[PDB]
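fold the stuff below for me.
(chains A, B, C, D, E, F, G, H, I, J, K, L, M, N, O, P, Q, R, S, T, U, V, W, X, Y, Z, AA, AB, AC, AD, AE, AF, AG, AH and AI)
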Amino acid sequence: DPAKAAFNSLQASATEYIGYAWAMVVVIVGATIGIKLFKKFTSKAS
Amino acid sequence: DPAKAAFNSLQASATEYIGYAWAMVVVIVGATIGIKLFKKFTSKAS
Amino acid sequence: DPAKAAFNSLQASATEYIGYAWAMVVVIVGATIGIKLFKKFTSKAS
Amino acid sequence: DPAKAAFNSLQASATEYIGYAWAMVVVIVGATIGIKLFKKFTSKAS
Amino acid sequence: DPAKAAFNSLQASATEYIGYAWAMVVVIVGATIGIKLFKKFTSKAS
Amino acid sequence: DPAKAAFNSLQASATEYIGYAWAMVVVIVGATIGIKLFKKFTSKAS
Amino acid sequence: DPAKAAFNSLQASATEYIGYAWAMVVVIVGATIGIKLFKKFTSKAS
Amino acid sequence: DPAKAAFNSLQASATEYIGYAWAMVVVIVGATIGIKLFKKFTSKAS
Amino acid sequence: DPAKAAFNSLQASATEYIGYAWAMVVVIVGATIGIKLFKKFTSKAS
Amino acid sequence: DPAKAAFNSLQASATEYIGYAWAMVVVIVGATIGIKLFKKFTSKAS
Amino acid sequence: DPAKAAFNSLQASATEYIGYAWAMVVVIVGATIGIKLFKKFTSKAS
Amino acid sequence: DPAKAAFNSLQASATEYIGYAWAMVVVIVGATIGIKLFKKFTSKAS
Amino acid sequence: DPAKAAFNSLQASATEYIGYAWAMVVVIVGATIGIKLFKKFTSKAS
Amino acid sequence: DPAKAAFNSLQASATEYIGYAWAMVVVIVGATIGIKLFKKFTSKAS
Amino acid sequence: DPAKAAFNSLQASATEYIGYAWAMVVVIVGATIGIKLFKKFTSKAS
Amino acid sequence: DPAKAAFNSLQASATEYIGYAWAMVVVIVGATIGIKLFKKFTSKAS
Amino acid sequence: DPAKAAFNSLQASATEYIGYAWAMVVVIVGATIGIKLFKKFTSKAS
Amino acid sequence: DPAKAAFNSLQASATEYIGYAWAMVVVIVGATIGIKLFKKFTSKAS
Amino acid sequence: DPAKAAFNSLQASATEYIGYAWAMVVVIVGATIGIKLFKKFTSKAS
Amino acid sequence: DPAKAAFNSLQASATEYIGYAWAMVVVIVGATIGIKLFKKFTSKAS
Amino acid sequence: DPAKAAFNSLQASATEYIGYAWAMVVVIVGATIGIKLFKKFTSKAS
Amino acid sequence: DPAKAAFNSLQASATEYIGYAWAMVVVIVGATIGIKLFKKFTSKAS
Amino acid sequence: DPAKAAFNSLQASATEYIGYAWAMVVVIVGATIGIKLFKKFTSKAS
Amino acid sequence: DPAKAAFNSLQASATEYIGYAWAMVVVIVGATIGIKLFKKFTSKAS
Amino acid sequence: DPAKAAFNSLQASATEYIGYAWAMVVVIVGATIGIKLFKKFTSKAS
Amino acid sequence: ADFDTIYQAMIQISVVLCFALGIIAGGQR
Amino acid sequence: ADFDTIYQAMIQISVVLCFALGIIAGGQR
Amino acid sequence: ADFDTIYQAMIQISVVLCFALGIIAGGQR
Amino acid sequence: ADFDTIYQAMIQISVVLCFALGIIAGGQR
Amino acid sequence: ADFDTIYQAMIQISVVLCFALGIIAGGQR
Amino acid sequence: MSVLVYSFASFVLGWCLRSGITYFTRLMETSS
Amino acid sequence: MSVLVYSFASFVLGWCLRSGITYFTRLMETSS
Amino acid sequence: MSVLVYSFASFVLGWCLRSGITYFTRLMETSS
Amino acid sequence: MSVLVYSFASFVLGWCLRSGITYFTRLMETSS
Amino acid sequence: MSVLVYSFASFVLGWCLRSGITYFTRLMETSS
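Numbers count the residues shown, from 1 in each chain, chains lettered A, B, ... in the order given. You can find the structure just below:
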C-alpha cells in the first residue's frame, strides 16, 4: 500500500510543523503579554 | 464479474483514504483552534 | 435474435455500474462535505 | 429485385436498433447529469 | 419522443435537488447568523 | 432515489455539527463574558 | 428528396433540444444565484 | 428571447433580497445604537 | 455495343441500390445526430 | 455569407447581455455600499 | 462521358448540402454561445 | 438460369457467414462497451 | 462448412481476449482512481 | 489549379473569422474588467 | 494591432474609475474626520 | 501493344475523373473547414 | 516507368501543399495564442 | 523555417502585452495604495 | 500463443509504470502539502 | 475436386501468413500501448 | 514456370512503387508532425 | 534509408520547438510572478 | 516461401522503428512535464 | 538547464522586491510611530 | 528500458525543482513574517 | 474441360466476388 | 457454350465489379 | 494450353483472390 | 467471338480494375 | 490469339491484382 | 443481362447483411 | 476501347452515387 | 456449386484469421 | 511481361492521382 | 498449385511492403 505510507509520512510532517508552531507562538505571546503587564504594573505603582 | 470486484475494491480504497484524511484534519484543526484560543484567552485573562 | 441479447446484456451492465457509482458518490461526497462543515463550525464556535 | 427481401429485413431491423439506442442513451445521460447536479448542489448548499 | 420524456425527467430531478439544497442552506445559514449575533449582542449588552 | 437518501443524511450530519458548535460557543462566550464582568465589577467596587 | 427530409427532421430535433435546454438553464442558474445572493445579504444585514 | 426573461427574473429576485436585507439591518443597527446611547446617557446623568 | 447494354442495365440497377441506401442513411443519421445533440444540450444545460 | 450574419448576431447578443449584467451589478453594489455606509455613519454620528 | 450526368447531379446536390450544413451550424453555435455567455455574465453580475 | 442457381447457393452460404459474424459481434461489443461504461462511471463517481 | 473449424478457433480465442482486457482495465483504472483520490483527499485534509 | 483556389478561399475565411473574433473578445473582456474594477474601487472609496 | 487599442481603452477606463473613486473617498474621509474633530474640540472647550 | 493502347485510353479517362474529384473536393473542404474554423473562433471569443 | 510522370507531378504538388499548410497554421495559431494571452494578462493586470 | 519566424513573432507579441499589462498594474496599484495611505495618515494625524 | 506473450509483456509494462508513477506522486504531493502547511502555521504562530 | 485441392493448399499458405502477421502485431502493439501507458501515467503523476 | 517469371517481374516493379511511396511518406509526415508539434509546444508555452 | 531521414528531421524539429517554448515560458512566467509579488509586497509595506 | 525475404526485412525494419519512437516519446514527454512542473512549483512558491 | 536559470532569476527578482518593501515599511512605520510618540509626550508634558 | 530511464529522469527533475521552490518560499515567507512582526512589536513596545 | 464448364465456373466465381466486395462496402462506417 | 456467350458474360461481370469498386472508393471518408 | 489447364488455373486464382478480399473485410474495425 | 477479341477485352478490363484498386489504395489515410 | 497467350496474360493479371489487394490490406491501420 | 442482375443482387445482399452489423455497433457505441 | 470506356463509366457512376451519401453524412455530422 | 462453396470457404477463412488480430488489437487498445 | 508492366503502371497512376487529394485534405485539416 | 503459390506470395509481398509505411507512420504519430 504506497498510499498508506504516503499518508502516514504527511501526517508525521504535519505533527512536526505543529511542534515548531507551538514553540514560536509561546515566545511571541510571552513577549507581548510581558510588555503589557510591565507597562500596566509600573503605571499602577506610580 | 471482474467489474463488481473492481468496483468494491475502489469503494474500500476510498473508505480507507477517508479514514486517513479525517485523522490529518483533526491534528491540523486541533493545533489551529488551540493556538487561536491560547492567544485569545491569555489576552482576556492577563 | 442475437441483437436483442446484446442490448439486454449491455442494459444490465449499465444498471449495475449506475448503482455501484451512486454508492461511491455518496461516500466520497459525504467525506468532502463533512470535512468542510467541521472546519467551518469549529472556527465559528472557537 | 432478388435482394429486396434483404433490404426489407434491414429496414425492420434498423427501426428496432434505433429504439434500443434511445433507451440506453436516456439511462446513461440520466445517471451522469444526476450525479453531476448532486455534487454541484451539495457544494453550493455548503 | 424519448428525448422529450428524458428532458422533462432531468428538469424534475433538478427541481427536487434545488428543494433539498435550499433546506440545507437555511439550516447552515441559520446557525452561522445565530452564533454571530449571539456573540455580538452578548458583548454589546453585558 | 439514492440522491434523496444522500441529501437527507448530509442534512442530518449538518444538524449534528450545529448541535456541537452551539454547545462549544456557549462555553467560550460564557468564559470571556465572565472574566470581563468580574474585572469590571471588582474595579467599580474598589 | 430524402436529403431534405433528413435535414428537416434534424432541424426540428435541434429546435426542441434548444428550447428544453434554455428552460433547464434558467431554473438551475436561478437556484445557484439565489443561494449566493441570500448568503451575501444575510451576512451584510446581520 | 428566453435570456431577457431570465435576466429580468434574476434582477427582480435580487431586488426582493435587498428589501429584506434593509429591513433586518435597520432592526440590528437600531438595537446596538439604542444600547450604546442608553449606557452613555445614564453614565453622563449619574 | 454489348458493353453499352450492360452499362444501361447497371444504371437502372444502381438507382434501386442508391434508393435503398438513401432510405436507410436518412433514418440512421436522424437517430445518431439526435442522440449526439441530446447528450450535448443536456450537458450544456448542466 | 452565413458566417458574417451569425458573427454579427453573436456580438449583438453579447452586447445586450452586458447591458442586463450592468443593471444587476448597480442594484447589488448600491445596496452593499448603502448598508455599509449606513452602519458606519450611524456609529460615527451617534 | 456516359457518367457526366451523374457528376452534374452530384455537383447540384453538393451545393444544397453545404447550405443545409451552414444553417444547422449557425443555430447550434448560437444556442451554445448564448447559454455559456448567460451563465458567465450572471456570475460576474453577482 | 446458371446465375440463379449460383445466387440461391450463395444465399444459403451467406446466412451461415452472417450467423457466425453476429455470434462474435455480440460478445465483442458486450465486452468493449462494458469496459467503456466501467471506466466512465468509475471516473464519474470520482 | 470447410471453414467451421476457423470460426470455432476464433470463438475460443475471443473469450480468452475478453478475459485479458478486463484484467488490464481493472489494474489501470485502479491506479488512476487511487492516485486521483489520494491528491483530492490530501488537499481537503489540509 | 483547383488546389490554389481552395487554399485562397480558406485563407480569406480564416482572416474574416480572426477579425470578427478579436472585435467580440474586446467587447466581452471590457465588460468583465469594467465590472471587476467598478466593484473594487467602489468598496475602497466607500 | 487590435490588442494595442483594446489595452489602451481598458487603461483609459481604469483611469476614469480612479478619478471617481478619489472624488468619493475625499467626501467620505472629510465627513468622518469632520465629525471626529467637532466632537473632540467641543469636549475640550467644555 | 494492346496493353499500351488500353493504358493510353485510361490516362485520358483518368484526367476526366481526377478533374471531377478536384472540383468536388475543393468546395466540400471549403465548407467543412469553414464551419470548423467558425465554431473554433466563436468559442475562442468566448 | 510509364507512370513516372504521375509521381513527378505528385512530388511537385506535395511541396506546394506543405507551403500552404505552414502558412495557414501560423495565422490560426497566432490569433489563438494572441487572444488567450490578452485575456490572461488583462486579468493579472486587474 | 516558417516555425522559427512564427515562434519569434509569438514571443514579441507576449513581450509587448507584458509592457501594456505592467502599465495598467502601476495605475491600479498606485490608486489602491494612495487611497489606503490617505485614509490611514489622515486619521493618524487628525 | 503469441497473444498470451503480448498480454504478459503489456501487463508487466503497466505494473512498472504504476510503481514509478506512485513514487513520483508521493514526492510531488509531499512538497505541495509541505509548502502549504508551512505558510499556514508560520502565520498562525507569528 | 480441383477447388478442394486449391482450398487445402490455401489453408497451409494462410497459416504462414497469419503466423507472420501475429509476430509483427505482438511487437508493434507492445510498443504503441507502452508509449500510450507511459505518457498517461507520467501526466497522472503530474 | 510462367507464374515464377510474372512474380519476379512484379518484385522489380514493387521496389519502384515502394521507393516512390517512401519518398512521399517521409516529406508528408515531416510536415504534419511538425505542425502538430508546433501547435502543441506553442500552447504549452501558453 | 528514407525512414532514418524522416526520424532525424522530426528529432531536429522537436529540439528547436522545445528550446523556443522554454524561452517563452520563462518570459511569461516571470511577468505573472513579478506582478503577483509586486502587489503582495506593496500592500504589506503600505 | 518466395516472400519470406520480405517478412524478414519488415521484422528488421520494425525493431528499428520502435527504437525511433521511444527516443522521440522520451524527449517530448520530458519537455512537457518539465514546463508543467516549473509553472506549478513557481506558483506554489509564491 | 533552462529551468535552473529561470528559478534563479525569479528568486533574484523576489529578493529585489523585498529590498524595496523593507525600505518603504521603515518609512511608513517611522512616520506613524513618530506622530503617536509626539502626541503622547506633549500630552504628558502638559 | 527507455521507460525506466525516462521515469527516473522526470523524478530527479521534480526533486531539483522542489529544492529551488523551497528556497524561494523561505525568502518570501521570511520577509512577510519579518515585516508583520516588525510593525507589531514596534507598536507594542513604543 | 468444356466451354459450358468454364461458363458455369466463371458465373459462380463472379457472385462470390460480388458478395465479398459487398461485405467490404457495407463495413465502411 | 459459345465464345460470344463467354464474351457477353465477361463484359456484364466487369461492369458490376467496377460499380462495386466504385462504391468502396466513394465510401472512403 | 488446354481447357483443363485454364480451368484449374482460374480456380486457384479465385480462391487466392477470395482470401485477400477476406483479409481486407476482416481488417475493417 | 474470336480469341483475339477475348484477349483484347480482358486486357482493357484488367487496366480499369487496377486503376480502381489504385484509387481505393490511395484514398486510405 | 492462342490458349497459351490467354494463359500467360491471365497469370500476369492475377499477380498484379493480388499485389494491389495486398497494398489495400496492408494500409488498413 | 441475367448474370449482371444476379451478380448485382449478390452485391446488394452482401451490403444489407453487413450494414446490419455496422449500424448496430455504431448506434450502441454512440449511445453509451 | 469500348469495354474500357463503359467499365470506367461504371466506376465513375459508382463513386458519384456513394459520394453523395458520404458528403451529406460528413457535413451534417461536423455541422452539429 | 463446388467452386462457389470452396471460394466462399476461402473468404470466411480469411475473415476469421484477420478478425482475431482486429479484436485483440481493439480490446487491448480500449483496455488501456 | 507487357500486360503486367502496363497493369502495374495503371495501379501506380491511380495511387498518384488520388494521393494528391488525400494529402491536400489531410494537411489542410490538421493545419486548422 | 504453382499459380496459387506465386499469387499468394504476391499478396504477402504487398502486405509486407505497405505495412512498413503504416507502422512507421502510426508509431511516429503516437510518439509525438
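
chain neighbours aside, what residue packs nearest to the residue of chain AE found nearest chain Z?
Nearest to chain Z in chain AE, going by CB to the nearest CB, is residue AE:14, at a distance of 2.1 Å. Backbone N, C-alpha and C define where each C-beta goes, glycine included. Of all residues not flanking residue AE:14 in the chain, residue Z:22 sits nearest, at 2.1 Å (CB to CB, 6 or more residues apart in numbering or on different chains).

right, and the one you found touches residue AE:8 too?
No. Using CB atoms under 8 Å, residue Z:22 makes no contact with residue AE:8, being 9.9 Å away.

for the residue of chain AE closest to chain Z, what is the enclosing helix or strand?
helix AE:2-31 (DSSP states H and E).

now residue A:36
Here residue A:36, judged by DSSP H and E, is contained in helix A:2-45.

how far is that helix from where the chain is centred?
0 Å (CA atoms, centre = their mean, to the nearest Å).

could you check the angle that helix makes with helix S:2-45?
Per axes from the mean of the first three to the mean of the last three CA atoms, to 10 degrees, the angle that helix A:2-45 makes with helix S:2-45 is 0 degrees.

helix A:2-45 near chain T anywhere?
No. Counting by CB under 8 Å from any CB of the partner chain, chain T has no neighbours in helix A:2-45; the shortest distance is 11.9 Å.

list the helices and strands that helix packs on?
The contact analysis (3 or more CB pairs under 8 Å, 6 or more residues apart in numbering or on different chains; DSSP states H and E) places helix A:2-45 against helix B:2-45, helix M:4-44, helix S:2-45, helix Y:2-45.

with mean neighbour count added, can I get those in CSV?
What follows is the helices and strands packed on helix A:2-45, written out as CSV (neighbours: other CB atoms under 10 Å in any protein chain shown):
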stretch, mean neighbour count
helix B:2-45, 16
helix M:4-44, 18
helix S:2-45, 18
helix Y:2-45, 16
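
of all these, which lies closest to residue Q:33?
Judged by CB to CB, the one of the helices and strands packed on helix A:2-45 that comes nearest to residue Q:33 is helix Y:2-45, at 25.2 Å.

correct me, but residue AE:1 touches residue AA:12?
Yes. Using CB under 8 Å, residue AE:1 is in contact with residue AA:12, at 7.0 Å.

out of those two, which sits in the busier spot?
Neighbours per residue, other CB atoms under 10 Å in any protein chain shown: of residue AE:1 and residue AA:12, the larger number sits with residue AA:12, 26 against 16.

now the closest residue in space to residue A:31 that isn't next to it in sequence: how far from residue A:27?
With sequence-adjacent residues excluded and distances taken as CB to CB, 6+ apart, residue A:31 is closest to residue Y:41, at 7.4 Å. Residue Y:41 is 12 Å from residue A:27, where distance means CB to CB, to the nearest Å.

check residue AE:14 too.
As judged by CB to CB, residue AE:14 and residue A:27 stand 88 Å apart.

for residue Z:21, which non-adjacent residue is spatially closest?
Closest to residue Z:21 by CB to CB, 6+ apart is residue AA:20, at 3.9 Å.

tell me what angle the helix or strand hosting the one you found forms with helix K:4-44.
Secondary structure assignment for residue AA:20, by DSSP H and E: helix AA:3-26. For helix AA:3-26 against helix K:4-44, the angle by the same axes, to 10 degrees is 20 degrees.

helix AA:3-26: which residues count as buried?
AA:6-26 (16 or more other CB atoms under 10 Å in any protein chain shown).

who does it touch, helix- and strand-wise?
On a contact count with 3+ CB pairs under 8 Å, 6+ apart, helix AA:3-26 meets helix I:2-45, helix Z:3-26, helix AC:3-26, helix AE:2-31, helix AF:2-31.

how about the ones you listed, which one is nearest residue O:22?
Nearest of those to residue O:22, taken as CB to CB: helix I:2-45 at 43.9 Å.

which one is whichever residue of chain A sits closest to chain M nearest to, not counting chain neighbours?
Closest residue of chain A to chain M, CB to the nearest CB: residue A:3 (5.2 Å). Closest residue in space to residue A:3, ignoring its immediate chain neighbours: residue M:38 at 5.2 Å, by CB to CB, 6+ apart.

list the contacts of that neighbour.
Applying CB atoms under 8 Å, 6 or more residues apart in numbering or on different chains to residue M:38 gives the contacts A:3, A:6-7, B:17, S:25, S:29.

residue A:6 now?
M:38, S:25-26, S:29-30.

run a quick neighbour tally on the residue in chain AE that chain Y sits nearest to.
When scored by CB to the nearest CB, chain AE has residue AE:29 as its residue closest to chain Y, at 31.6 Å. Using other CB under 10 Å, residue AE:29 is surrounded by 15 other residues.
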